Structure formats: structure tokens, C-alpha cells
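To begin, one chain is listed below as C-alpha cells, in the form deposited in one PDB entry.
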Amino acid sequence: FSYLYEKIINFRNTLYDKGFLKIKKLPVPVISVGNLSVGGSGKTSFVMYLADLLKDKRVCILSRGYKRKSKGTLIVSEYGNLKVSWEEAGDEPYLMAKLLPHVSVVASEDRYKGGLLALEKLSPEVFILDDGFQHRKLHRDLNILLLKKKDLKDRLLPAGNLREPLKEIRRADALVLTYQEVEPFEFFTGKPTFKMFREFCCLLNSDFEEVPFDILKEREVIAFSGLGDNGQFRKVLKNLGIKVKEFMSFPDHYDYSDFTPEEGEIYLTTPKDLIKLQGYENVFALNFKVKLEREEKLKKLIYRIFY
């Protein structure tokens, strides 16, 4: 079937290419972050990295809200003020909202509408589209595309993980090449291109406070995650030399409703999972900083949108 999903996608894109479908424009600058495949690609992390670059602007992130308990357009946080449970928001928007005390977050299937409500209520100076590469109906002033090595040899859904053919790389203004710290790769296209690394430096307790890895020594952990790809987390742990006695691989966006930790055991998971387990005392998350090659170049490129 990957050949008529593909027909549909190609058709859709041609329509947008030729100007047969409406592209709408918000009255402030819009940066899109997205990728080409299902299965995680550093999008959420990159969006948080980006919001941080723009710390001197009023920033609003526009997200779709992936499997949440709420409908329509929803304000998740107002410049840091959380306003819904993580269930109501979707885990990614909530995580962003939580780790970015200075940013607003809006969840909306129709991103343009989300932007309008945000303008009305938050007067942001810049929008970041969380996962907005395929949402061509909303105009973006800077279209950033994340690629991981794996995408390069993947194929269209349902056969493979690609939501669109690799040729659609042409729609990007800038490419970000992710997971360099675990799957390095090069990719030259003549477009502005930036390698993204994750520096795994820190450990969080379940109240989102930094703690030394000191608790991990000469202790084997039970690790788990519910991510786009649990495999890369599992590998990061091995590369870090963290002793992992067991690994539980949960579905992306897993709700942990039936999760009950065993007494005396220590659990290691990600911030994306941890938001759903706040207060469980023996559960920790591996945390990291995002670092971009040629950050200075990315900045000049980003600030062009304000002129």
C-alpha cells in the first residue's frame, strides 16, 4: 500500500507546490521544526534548544497535541504558567511547557487557529511549529528539517517509516542532522546544514531536580522509556557505561497508568517519561544539553525572519 499512500502524498505536495492549496500566514514570524519519518528525531529537544536561543523574544510553541484528553484549541502554558495536566496537553507539549518556564505553549490541530488565539491572548513575537514540516497550510518563514542517518535508507509508510519521500527535503531552508552522538553521519545538499549532538551530562530526580549520578554507582538500574524509538535510549545507556539489569520498552506516549515500581530498585528513564511519574521516589531521568555545530551561523539565519 506504500504505493498509494505515496500517490496521495505526492498529489498533496504537488497541489501545494503549484499553489492549488491555500497557504495561510500569521502576522508574526513562524519557524517550523519537523522531520520526515515517524519514530523520533530530536524534534522536541530541538524545539527546546531553539526556544532557548530566542530567550529575548516572546515565544509561543504551536503543537498538534498528540493523543491528549482535550479538544479544539488549547493553551497549555502562558509564559511558563502551566494550565493543564500532562494528560490534557499531550506529553511533548507538556514537557516543553514544563522545561521552558519563559515560553507559551498552544495545542491545536489547526496551527493557524492556534496562532490567532495565541496572538489575541499572549501577543507572542515568534511562533515555533512543533512538528510542522508536513503542515504546509501554515506559512513558515524558516523551515527547519531534522534528518537522522536512518531516514536516508528508509521508505514510505506503511512499508517503512517515511511520511514523505526524501525528495521533499527540498522544502527545507535549513537541515539539522541529529543523533550525531550515537549515529554520526554526513549529508551535503548545499543547504545550510547543522550537526546536532546531545550531551548527556545530568540526572534528574522525579521532582525534576538535578542530582549527581552518585546514586548509579555499583548499582544496576531497571531502565525503560516510551519514545518514538526506545532503541536509541537503550544504546545511549550502553555507551555511557550505565549498568542496566533490565529494559522495558513501552509504546510512544505511554501513560504509565499501571506502572508500579518494585521496592529497593532504581529506575532510569527520560524526561518525557518522568513527567508522568512525578513524585515516584526511586525513578530518575537521564538529561542532556543540545549542542549545535556552527550555532553562530544558525542564529544569524534565525534572526533574518524578524526583518
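Between two forms, the rigid core is defined as the largest C-alpha subset superposing within 1.5 Å. Sequential numbering from 1, following the sequence displayed.
The deposited model assigns a higher average Cα B-factor to 52-60 than to the other stretch when 27-35 and 52-60 are compared. For the pair 86-94 and 217-225, the mean Cα B-factor is higher in 217-225. As recorded in the entry, 185 carries the highest CA temperature factor of 185, 133, 233, 127.
Taking the deposited Cα B-factors for 278, 45, 70, 269, the highest one is held by 70. Ranked by Cα temperature factor within the chain, residue 273 sits in the lowest third according to the deposited record. Sort the chain's modelled residues by C-alpha temperature factor and residue 115 lands in the lowest third, per the entry. For residue 99, the recorded CA B-factor ranks within the middle third of the chain. Only modelled residues enter the ranking. Residue 164: CA B factor in the lowest third of modelled residues in this chain (values from the PDB entry). Residue 141: CA B factor lies in the lowest third for its chain, per the PDB record.
What comes next is about the form deposited in another entry, which does not appear here.
With the rigid core aligned between the shown form and the other one, the listed residues 145, 129, 103, 227 include just one Cα displaced by at least 2 Å, namely that of 227. In that other deposited form, the Cα positions of residue 226 and residue 166 lie at least 3 Å farther from each other than in the form displayed.
In that other deposited form, the Cα-Cα separation between residue 226 and residue 36 grows by 3 Å or more relative to the displayed conformation.
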